[PDB]
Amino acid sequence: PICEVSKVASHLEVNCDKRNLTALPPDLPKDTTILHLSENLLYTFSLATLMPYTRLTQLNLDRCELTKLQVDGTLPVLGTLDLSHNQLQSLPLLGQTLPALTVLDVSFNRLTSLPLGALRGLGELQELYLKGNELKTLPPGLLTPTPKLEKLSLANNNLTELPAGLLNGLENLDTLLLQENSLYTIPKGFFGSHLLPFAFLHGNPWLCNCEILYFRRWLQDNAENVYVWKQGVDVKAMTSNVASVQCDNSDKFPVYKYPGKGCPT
């Protein structure tokens, strides 16, 4: 039986996880809508070899020792692609071969930075996950190509500072995770004017000092919008905690409680 198939109305799912595969299995019912290839041996894979599956809509290359993934044309309806927990050291330019991609997950890899026109081409993206990588900086105009982005997570990286215009235009942005990095401040106007339902900013050496001021006021207007990331706790039991954003300024003093020792308005 090699993999295993099922049928949920349209769908014709193919599950081939934990199977020491090394390469894509032969049979694969050409008409597969959702293929699961999680936790297998691959090291290398080419979206090209999937070209035969016109209806493939979800691909999970989740945990497959991947170190390289080359992109090539076909795969016009692929909506979600998970490259979770792997080894790629460079973000693959998927924009020219995954036009329908709406959720990309390459979190927990060896990414140290993103190419220039990285997310170019995939202007249908709604969820981007890059948690667990490195990255100290982000290419300018990173999200310009993805105007309808809703969830964005750069949690647990090494971001020192981030563009003052990163979130410009994202009018559907409802979730932003920036926790566990090493950001020291927030550019004036960063959060712009869109209401952010869920923000995670704890675990940063926030250098509160007059520049943090803009961030302070923001933290005050959105105190019930900033939470803390806990293991497997569900938002059903999550509670706000604006005081989780504190200055690493040898204190554990909540920025947002920071008066701003007489500083220029």
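All residue numbers refer to positions in the sequence shown, first residue = 1.
Enquirer: Averaging only over Cα atoms, indicate whether 66-74 or 213-221 has the higher B-factor in the PDB entry.
Expert: If you average the C-alpha B-factors of 66-74 and of 213-221, the larger mean comes out for 66-74.
Enquirer: May I ask you to compare 109-117 and 164-172 by their mean CA B factor in the entry and name the higher one?
Expert: Between 164-172 and 109-117, it is 109-117 that shows the higher mean C-alpha B-factor.
Enquirer: Go through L59, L207, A237, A199 one by one and give the residue whose Cα B-factor in the PDB entry is largest.
Expert: Answer, based on the entry's C-alpha B-factors: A237.
Enquirer: Once the chain's modelled residues are ordered by C-alpha B factor and cut into thirds, is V255 in the lowest, middle or highest one?
Expert: For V255, the deposited C-alpha B-factor lands in the middle third.
Enquirer: For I34, does the deposited CA B-factor place it in the lowest, middle or highest third of the chain?
Expert: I34: CA B-factor falls in the middle third of its chain.
Enquirer: What third of the chain does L42 rank in for C-alpha temperature factor, lowest, middle or highest?
Expert: According to the entry, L42 has a C-alpha B-factor in the chain's highest third.
Enquirer: Taking the chain's C-alpha temperature factors as the reference, tell me which third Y227 falls into: lowest, middle or highest.
Expert: Lowest third of the chain for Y227's C-alpha B-factor.
Enquirer: Sorting by Cα B-factor within the chain, modelled residues only, which third would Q246 end up in: lowest, middle or highest?
Expert: It belongs to the middle third of the chain when residues are ordered by C-alpha B-factor.
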